[PDB]
Amino acid sequence: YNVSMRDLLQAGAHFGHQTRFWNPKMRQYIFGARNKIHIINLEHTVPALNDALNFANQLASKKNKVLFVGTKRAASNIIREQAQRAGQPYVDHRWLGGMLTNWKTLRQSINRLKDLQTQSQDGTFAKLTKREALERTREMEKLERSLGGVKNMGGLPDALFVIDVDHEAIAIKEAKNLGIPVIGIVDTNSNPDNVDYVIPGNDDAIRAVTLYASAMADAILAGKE
RNA sequence: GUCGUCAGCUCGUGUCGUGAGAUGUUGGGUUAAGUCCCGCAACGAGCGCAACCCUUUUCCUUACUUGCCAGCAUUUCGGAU
């Protein structure tokens with residue numbers, strides 16, 4: 001299920017952000033800059049991506065669960081399609097604070113979200129008239145948008161997979177606090193300090209995002225034990 | 001009594017701070033209103049607001065006197081009978 005490299009170049013993972021917005025810790029991976037935009041080598045990217053896929057396969061073989069983190073506008077739909085494909089919990093919309101460090105509270109929300117969904121499936125909503133029915137149809141849609149991923153989860157995820165570390169800095173902080181490993185995509189303007197498995201790649205390109213997400217989904221599906 | 005029927009006052013768990021403490025309650029609209037909706041390391045609660053109580057406006061059921069008189073009859077023309 002390896003990506004080789006040619007997929008990365010054709011997608012466009014080599015492009016980064018502008019030079020003036022770079023993080024100096026990336027000096028090892030940047031390797032140069034053709035123009036006012038940094039261009040990162042894929043030679044260092046490839047082994048890190050392959051090792052990330054290997055660790056994901058190990059997790060799937062051990063039946064451990066990998067949470068998917070993307071809240072950016074562009075990457076949300078792709079991480080949705082691939083997360084449904086891999087059958088893994090996901091966070092597509094805004095990251096609500098402390099779901100991991102404050103595990104106890106949010107399952108109140110989860111159980112009454114499940115109860116609302118089951119009531120909607122049943123005839124309870126049918127008895128009730130249109131106004132307030134529309135009221136918690138809206139209300140349940142609001143719970144569903146924030147918690148579309150984690151009804152099925154019964155415990156802390158064993159590993160995280162994050163698209164933009166700089167954008168989802170809070171999630172990495174919580175994961176670091178809890179000790180759970182994180183596989184994340186780090187860009188030119190990103191901080192790799194607390195990422196256990198650091199693989200560098202583009203975050204703006206929807207093609208690159210799709211390739212990354214599809215690779216992880218294929219790894220989980222190819223676990224098969 | 002008064003500010004004044006002014007709209008605020010708080011807690012649990014998480015995060016930040018050596019600490020007293022802070023966040024939630026913040027920003028954009030809207031509303032009688034911390035009323036509601038988006039944004040947001042916050043997620044949810046309680047008392048306040050609103051509703052539950054009384055009265056007025058439309059209709060229905062039950063009740064027909066000491067109250068009522070559409071139809072019938074008698075009238076001293078007064079539901080007087």
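Only this structure's heavy atoms are used, side chains among them; waters, hydrogens and symmetry mates stay out. Just so it is clear: chains get the letters A, B, ... in the order the sequence lines come, proteins before strands, and each one is counted from 1.
Within a 6.0 Å sphere centred on CD of A/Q28, heavy atoms belonging to other residues, nucleotides or ligands number more than 12.
The separation of B/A50 from B/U65, taken at their P atoms, amounts to 48 Å, rounded to a whole angstrom. For the P atom pair drawn from B/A20 and B/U13, the interatomic distance equals 15 Å after rounding to whole Å. For the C1' atoms, the distance linking B/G27 with B/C53 amounts to 41 Å, nearest Å. Using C1' as the reference atom, B/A41 and B/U26 are 12 Å apart when rounded to the nearest Å. Using atom P as the reference point in both B/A70 and B/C52, the two lie 41 Å apart (nearest Å). The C1' atoms of B/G48 and B/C6 are separated by 12 Å, rounded to the nearest whole Å. Rounded to whole Å, the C1' atom of B/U76 lies 12 Å from the corresponding atom of B/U81. If you take atom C1' in B/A7 and the same atom in B/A33, they sit 7 Å apart, rounded to whole Å.
A heavy atom lying under 4.0 Å from RNA chain B marks the following residues of residues 149-177 of chain A, by number: A/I170, A/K173, A/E174. Listed in residue order, the members of residues 95-105 of chain A having a heavy atom less than 4.0 Å from RNA chain B are A/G97, A/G98, A/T101, A/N102, A/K104, A/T105.
Base orientation of B/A32: syn, since the glycosidic angle falls within 90° of 0. Glycosidic torsion of B/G12 falls outside 90° of 0, placing the base in anti.
Of the side-chain N and O atoms in A/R94, one or more sit less than 4.0 angstrom from OP1 or OP2 of B/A41.
In terms of hydrophobic clustering, with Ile, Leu, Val, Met, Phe, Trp and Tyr side chains grouped at heavy-atom distances under 4.5 Å, A/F15 and A/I199 are assigned to different clusters. Neither A/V162 nor A/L53 shares a network with the other; the hydrophobic side chains, linked directly or stepwise wherever heavy atoms of I, L, V, M, F, W or Y lie under 4.5 Å apart, form separate groups for each. In this structure, A/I183 is a member of the same hydrophobic cluster as A/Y212, with clusters built from ILVMFWY side-chain heavy atoms closer than 4.5 Å. Cluster annotation: A/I185 and A/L67 are assigned to distinct hydrophobic clusters (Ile/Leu/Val/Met/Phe/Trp/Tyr, side-chain heavy-atom contacts under 4.5 Å, transitive). Criterion: ILVMFWY side-chain heavy atoms under 4.5 Å apart, direct or through other members. Under it, A/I172 and A/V198 are part of a common hydrophobic cluster.
One side chain, A/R112 or A/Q108, offers a donor N or O that lies under 3.5 Å from an acceptor on the other. A/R73 and A/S76 share no side-chain donor-acceptor pair at under 3.5 Å.
Using the sign of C1'-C2'-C3'-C4' as the criterion, B/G24 falls on the north side of the pucker cycle. For B/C6, the sugar pucker falls north, since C1'-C2'-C3'-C4' comes out positive. For B/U25, the sign convention on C1'-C2'-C3'-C4' gives a south pucker, since the angle is negative. Here B/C38 counts as north. Its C1'-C2'-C3'-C4' torsion is positive. Sugar pucker annotation for B/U5: south, assigned from a negative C1'-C2'-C3'-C4' dihedral.
A/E225 places a side-chain heavy atom less than 4.5 Å from the side chain of A/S61. Side chains of A/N23 and A/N189 form no contact here, defined as non-hydrogen atoms less than 4.5 Å apart.
Ion pair A/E144/A/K151 flagged as a salt bridge, since at least one NZ, NE, NH1 or NH2 atom sits closer than 4.0 Å to an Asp/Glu carboxylate oxygen. Between A/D158 and A/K65, none of the side-chain N atoms (NZ, or NE/NH1/NH2) sits under 4.0 Å from a carboxylate O, so this pair counts as no salt bridge.
Look at NE2 on A/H93: it is 16 Å from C1' on B/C40, rounded to the nearest Å. With rounding to whole Å, A/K142 atom NZ is found 16 Å from B/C36 atom P. Computed from coordinates, the A/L106 CG to B/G24 P distance equals 18 Å when rounded to whole Å. When the P atom of B/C36 is taken as reference, atom CZ of A/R131 falls 15 Å away, rounded to whole Å. In this entry the distance linking CG of A/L113 with P of B/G44 reads 11 Å, nearest Å. Rounding to whole angstrom units, CZ of residue A/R145 and P of B/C43 are separated by 13 Å. As rounded to whole Å, 14 Å separates atom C1' of B/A50 from atom CD of A/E135. Remark: P of B/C43 and CD of A/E139 are 13 Å apart, rounded to the nearest angstrom.
Under the 5.5 Å centre and 30° plane thresholds, the six-membered base rings of B/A41 and B/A42 are judged not to be stacked. For the neighbouring bases B/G4 and B/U5, no stacking contact is recorded, as ring-centre distance under 5.5 Å and ring-plane angle under 30° do not both hold. Using a cut-off of 5.5 angstrom for ring-centre distance and 30 degrees for interplanar angle, B/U74 is classed as stacked on B/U75. Taking ring-centre separation below 5.5 Å and interplanar angle below 30 degrees as the test, the adjacent bases B/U23 and B/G24 pass. Judged on ring centres (limit 5.5 Å) and ring planes (limit 30°), B/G29 and B/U30 form a stacked step.
Screening residues 210-220 of chain A for salt bridge (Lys or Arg N to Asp or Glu O under 4.0 Å) gives A/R85-A/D218 as the qualifying pairs, with residues at least two apart or on separate chains.
Remark: the bases of B/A42 and B/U13 meet in a Watson-Crick or G-U wobble pair, both edge contacts within less than 3.5 Å. Remark: B/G8 pairs with B/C47, satisfying the Watson-Crick or G-U wobble criterion at under 3.5 Å for both atom pairs. A Watson-Crick or G-U wobble pair links B/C11 with B/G44, each of its two atom distances being under 3.5 Å. In this structure, B/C16 forms a base pair with B/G21, meeting the Watson-Crick or G-U wobble definition at 3.5 Å. Taken as a pair, B/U30 and B/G34 do not qualify under the rule of Watson-Crick (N1-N3 plus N6-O4 or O6-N4) or G-U wobble (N1-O2 and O6-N3), both under 3.5 Å. Taken together, B/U35 and B/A80 do not constitute a Watson-Crick or G-U wobble pair, since the relevant N/O distances do not both lie under 3.5 Å.
Not counting sequence neighbours, A/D203 has no partner by the side-chain hydrogen bond (donor to acceptor under 3.5 Å, both in side chains) test. The salt bridge (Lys or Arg N to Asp or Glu O under 4.0 Å) check on A/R80 picks up A/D92, with sequence neighbours excluded.
Pair check for B/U75 finds none; no Watson-Crick or G-U wobble contact set falls under 3.5 Å. Across all strands shown, nothing is found opposite B/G67 as a Watson-Crick or G-U wobble partner with both distances under 3.5 Å.
Among the heavy atoms of the strands, none lies under 4.0 Å from A/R107.
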Report each atom pair, protein N/O against N/O of nucleotides 31-34 of chain B, whose distance is under 3.5 angstrom.
none

List the steps, then state whether side chain to side chain contact (heavy atoms under 4.5 Å, CB included) holds for A/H14 with A/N202. CA-CA 7 Å; A/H14 55 290; A/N202 191 0; over 6 Å; no
